[PDB]
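Everything below belongs to input-v2.txt, which stores compact mmCIF, C-alpha atoms and all ligand atoms.
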```
# COMPACT_ATOMS: atom_id res chain seq x y z
CA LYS A 1 -7.88 14.46 -10.52
CA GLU A 2 -5.86 13.05 -7.61
CA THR A 3 -2.12 13.41 -7.85
CA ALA A 4 -0.04 10.23 -8.02
CA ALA A 5 1.57 10.96 -4.62
CA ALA A 6 -1.88 11.61 -2.99
CA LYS A 7 -3.32 8.37 -4.45
CA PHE A 8 -0.30 6.43 -3.02
CA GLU A 9 -0.95 7.97 0.42
CA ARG A 10 -4.71 7.23 0.35
CA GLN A 11 -4.24 3.62 -0.87
CA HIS A 12 -1.11 2.61 1.08
CA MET A 13 -0.47 4.67 4.24
CA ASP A 14 -1.79 3.86 7.71
CA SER A 15 0.46 5.53 10.24
CA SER A 16 -2.21 5.62 12.97
CA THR A 17 -1.78 1.97 13.98
CA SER A 18 1.45 -0.05 14.62
CA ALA A 19 -0.21 -3.18 13.11
CA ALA A 20 -3.52 -4.63 11.79
CA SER A 21 -5.95 -4.16 14.48
CA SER A 22 -8.06 -7.45 14.02
CA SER A 23 -9.35 -9.81 11.20
CA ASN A 24 -11.84 -7.02 10.20
CA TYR A 25 -9.09 -4.44 9.67
CA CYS A 26 -9.10 -4.84 5.82
CA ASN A 27 -12.87 -4.64 5.43
CA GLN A 28 -12.88 -1.41 7.50
CA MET A 29 -9.87 0.22 5.77
CA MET A 30 -10.75 -0.77 2.19
CA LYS A 31 -14.14 0.95 2.54
CA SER A 32 -12.89 4.01 4.34
CA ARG A 33 -10.02 4.69 1.92
CA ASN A 34 -12.73 4.42 -0.75
CA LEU A 35 -11.28 1.38 -2.46
CA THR A 36 -14.62 -0.41 -2.79
CA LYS A 37 -16.75 2.39 -4.28
CA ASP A 38 -17.57 1.01 -7.73
CA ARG A 39 -15.72 -2.22 -7.54
CA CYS A 40 -13.79 -4.18 -4.88
CA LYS A 41 -10.07 -3.48 -5.29
CA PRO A 42 -8.77 -7.11 -5.27
CA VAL A 43 -5.43 -6.61 -3.54
CA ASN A 44 -4.07 -3.70 -1.47
CA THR A 45 -1.21 -3.21 1.07
CA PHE A 46 -1.21 -0.77 3.97
CA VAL A 47 2.12 0.39 5.54
CA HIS A 48 2.09 1.11 9.33
CA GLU A 49 4.94 3.54 9.43
CA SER A 50 5.26 7.30 9.30
CA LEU A 51 4.75 9.05 6.01
CA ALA A 52 8.35 10.35 6.39
CA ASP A 53 9.74 6.79 6.83
CA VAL A 54 7.92 5.61 3.72
CA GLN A 55 8.97 8.68 1.71
CA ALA A 56 12.64 8.01 2.81
CA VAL A 57 12.59 4.74 0.90
CA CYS A 58 12.91 6.75 -2.41
CA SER A 59 16.53 7.34 -1.23
CA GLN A 60 17.29 3.75 -0.18
CA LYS A 61 18.14 0.74 -2.36
CA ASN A 62 17.48 1.17 -6.06
CA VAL A 63 16.08 -2.11 -7.51
CA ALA A 64 14.09 -3.13 -10.71
CA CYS A 65 10.35 -2.89 -10.68
CA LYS A 66 8.37 -6.11 -11.59
CA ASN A 67 7.57 -4.23 -14.82
CA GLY A 68 11.19 -3.58 -15.74
CA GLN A 69 11.18 0.10 -14.81
CA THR A 70 14.27 1.35 -12.87
CA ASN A 71 12.60 3.85 -10.43
CA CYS A 72 11.87 1.33 -7.62
CA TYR A 73 13.39 1.39 -4.14
CA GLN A 74 13.51 -1.29 -1.48
CA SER A 75 13.45 -0.29 2.18
CA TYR A 76 16.63 -1.05 4.05
CA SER A 77 14.54 -2.16 7.13
CA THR A 78 11.37 -4.19 7.48
CA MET A 79 8.19 -2.26 8.09
CA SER A 80 4.88 -3.28 9.71
CA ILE A 81 2.46 -3.91 6.79
CA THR A 82 -1.01 -5.35 6.21
CA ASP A 83 -2.00 -7.13 3.04
CA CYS A 84 -5.67 -7.10 2.15
CA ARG A 85 -6.99 -9.49 -0.48
CA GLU A 86 -10.48 -10.31 -1.45
CA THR A 87 -11.84 -13.67 -0.35
CA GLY A 88 -14.02 -16.06 -2.43
CA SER A 89 -17.08 -14.79 -0.45
CA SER A 90 -16.51 -11.26 -1.75
CA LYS A 91 -19.12 -10.01 -4.18
CA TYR A 92 -19.54 -6.29 -4.86
CA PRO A 93 -21.25 -4.37 -3.16
CA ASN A 94 -20.49 -6.67 -0.18
CA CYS A 95 -16.70 -6.72 -0.44
CA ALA A 96 -14.86 -9.12 1.88
CA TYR A 97 -11.09 -9.13 2.63
CA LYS A 98 -8.57 -11.44 4.29
CA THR A 99 -6.26 -9.46 6.57
CA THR A 100 -2.62 -10.56 6.73
CA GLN A 101 -0.18 -8.65 9.01
CA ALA A 102 3.54 -8.95 8.47
CA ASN A 103 6.90 -7.19 8.90
CA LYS A 104 8.60 -7.01 5.58
CA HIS A 105 10.70 -4.78 3.38
CA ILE A 106 8.66 -2.75 1.00
CA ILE A 107 9.35 -1.91 -2.66
CA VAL A 108 7.92 1.34 -4.04
CA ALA A 109 8.16 3.19 -7.34
CA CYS A 110 9.15 6.87 -7.02
CA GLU A 111 8.61 9.89 -9.14
CA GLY A 112 8.55 13.67 -9.23
CA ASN A 113 10.02 16.70 -7.51
CA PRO A 114 9.88 16.06 -4.52
CA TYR A 115 10.73 12.43 -5.44
CA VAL A 116 8.12 10.51 -3.65
CA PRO A 117 6.32 7.19 -3.70
CA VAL A 118 3.73 6.74 -6.51
CA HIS A 119 3.27 2.98 -6.68
CA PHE A 120 3.47 0.11 -4.18
CA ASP A 121 5.38 -2.56 -6.12
CA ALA A 122 5.85 -5.42 -3.63
CA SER A 123 6.93 -6.43 -0.13
CA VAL A 124 9.84 -8.85 0.75
CL CL B 1 0.30 15.69 -3.72
CL CL B 2 -0.77 -3.28 -3.14
CL CL B 3 3.12 9.14 12.21
CL CL B 4 15.09 -4.98 9.56
CL CL B 5 7.04 16.79 -10.13
```

Show how you would write the structure in this file as structure tokens.
Ligand SMILES: [Cl-]
Ligand SMILES: [Cl-]
Ligand SMILES: [Cl-]
Ligand SMILES: [Cl-]
Ligand SMILES: [Cl-]
Amino acid sequence: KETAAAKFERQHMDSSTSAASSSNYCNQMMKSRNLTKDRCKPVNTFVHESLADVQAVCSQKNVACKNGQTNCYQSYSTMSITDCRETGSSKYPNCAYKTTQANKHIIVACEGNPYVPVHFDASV
């Protein structure tokens, strides 16, 4: 089984681009990070920052999670992100995503030793 930290990295990290690199970015990335294998993942955010910058957020501003948990952290600075959401024309096995680039604060849930991101909660 994949560790929680490894699943967070696979699903949410894309340090190799500064920003969503076209309207087809989400279709490409959702397949290659294997988020469309048995089912189209409906919603997913990619962060275009270093892994170290994202990991640093677990030491930034402690806020509530949407679920009421108390192990969420909001980035002090905005970060380049891309939101991917399935469109109405999406039907597995032909998944189809809208790509939305933005620069927002991120909110992540953290856990473990090392204390690292395990869940992407939200962006602001
Ligand atoms: Cl790991
Ligand atoms: Cl997400
Ligand atoms: Cl990097
Ligand atoms: Cl900022
Ligand atoms: Cl641990």

field: 6 Å shell around ligand CL 2 (chain B) using all atoms listed in the file, listed as a list in words
entry: residues 43, 44, 45 and 120 of chain A

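Selecting all polymer residues at most 6 Å from ligand CL 1 (chain B), using all atoms listed in the file, gives residues 3, 5 and 6 of chain A.
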
query: How would you write, as a PyMOL selection string, the set of residues no farther than 10 Å from ligand CL 4 (chain B) when counting all atoms listed in the file?
result: chain A and resi 75-79+103-105

Preceding selection exported with C-alpha atoms as a CSV table (one decimal), in the coordinates of the input:
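Listed below is the output, out-v4.csv:
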```
chain,number,residue,atom,x,y,z
A,75,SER,CA,13.4,-0.3,2.2
A,76,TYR,CA,16.6,-1.0,4.0
A,77,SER,CA,14.5,-2.2,7.1
A,78,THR,CA,11.4,-4.2,7.5
A,79,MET,CA,8.2,-2.3,8.1
A,103,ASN,CA,6.9,-7.2,8.9
A,104,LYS,CA,8.6,-7.0,5.6
A,105,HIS,CA,10.7,-4.8,3.4
```

message: Applying 12 Å and only C-alpha atoms, which residues near residue 40 in chain A remain after dropping the ones on its own chain fewer than 4 positions away? List them as a ChimeraX atom specification.
response: /A:26-27,30-31,33-36,44,84-87,89-97

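Nearest to ligand CL 3 (chain B) of all the residues A:24, A:57, A:15, A:68 is A:15, counting all atoms listed in the file.
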
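Shortest atom-to-atom contact with residue 62 in chain A among A:74, A:100, A:32, A:18: A:74, counting only C-alpha atoms.
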
Using only C-alpha atoms and all ligand atoms, which residues have at least one atom no more than 8 Å from ligand CL 3 (chain B)? Output them as a PDB file with C-alpha atoms, keeping the file's coordinate frame.
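Output saved as pocket23.pdb:
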```
ATOM      1  CA  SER A  15       0.460   5.530  10.240  1.00  0.00           C
ATOM      2  CA  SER A  16      -2.210   5.620  12.970  1.00  0.00           C
ATOM      3  CA  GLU A  49       4.940   3.540   9.430  1.00  0.00           C
ATOM      4  CA  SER A  50       5.260   7.300   9.300  1.00  0.00           C
ATOM      5  CA  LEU A  51       4.750   9.050   6.010  1.00  0.00           C
ATOM      6  CA  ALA A  52       8.350  10.350   6.390  1.00  0.00           C
TER       7      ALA A  52
END
```

Give as a compact mmCIF listing (two decimals) with C-alpha atoms, in the frame of the given file each residue that has an atom at most 10 Å from (10.2, 8.2, -9.8) in the file, counting only C-alpha atoms.
```
# COMPACT_ATOMS: atom_id res chain seq x y z
CA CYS A 58 12.91 6.75 -2.41
CA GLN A 69 11.18 0.10 -14.81
CA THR A 70 14.27 1.35 -12.87
CA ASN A 71 12.60 3.85 -10.43
CA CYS A 72 11.87 1.33 -7.62
CA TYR A 73 13.39 1.39 -4.14
CA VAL A 108 7.92 1.34 -4.04
CA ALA A 109 8.16 3.19 -7.34
CA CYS A 110 9.15 6.87 -7.02
CA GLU A 111 8.61 9.89 -9.14
CA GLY A 112 8.55 13.67 -9.23
CA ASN A 113 10.02 16.70 -7.51
CA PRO A 114 9.88 16.06 -4.52
CA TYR A 115 10.73 12.43 -5.44
CA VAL A 116 8.12 10.51 -3.65
CA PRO A 117 6.32 7.19 -3.70
CA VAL A 118 3.73 6.74 -6.51
CA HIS A 119 3.27 2.98 -6.68
```

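Each of A:4, A:66, A:121, A:39 was checked against ligand CL 5 (chain B) using all atoms listed in the file; the smallest atom-to-atom distance is that of A:4.
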
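Here CA of residue 63 in chain A and CA of residue 8 in chain A stand 19.0 Å from one another.
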
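Proximity to residue 55 in chain A was assessed for A:19, A:13, A:122, A:102 counting all atoms listed in the file; the smallest distance is recorded for A:13.
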
task: Would you mind reading off the distance between CA of residue 14 in chain A and CA of residue 64 in chain A, one decimal, in Å?
output: 25.3 Å

- prompt: By how many Å are CA of residue 83 in chain A and CA of residue 67 in chain A apart?
  reply: 20.5 Å
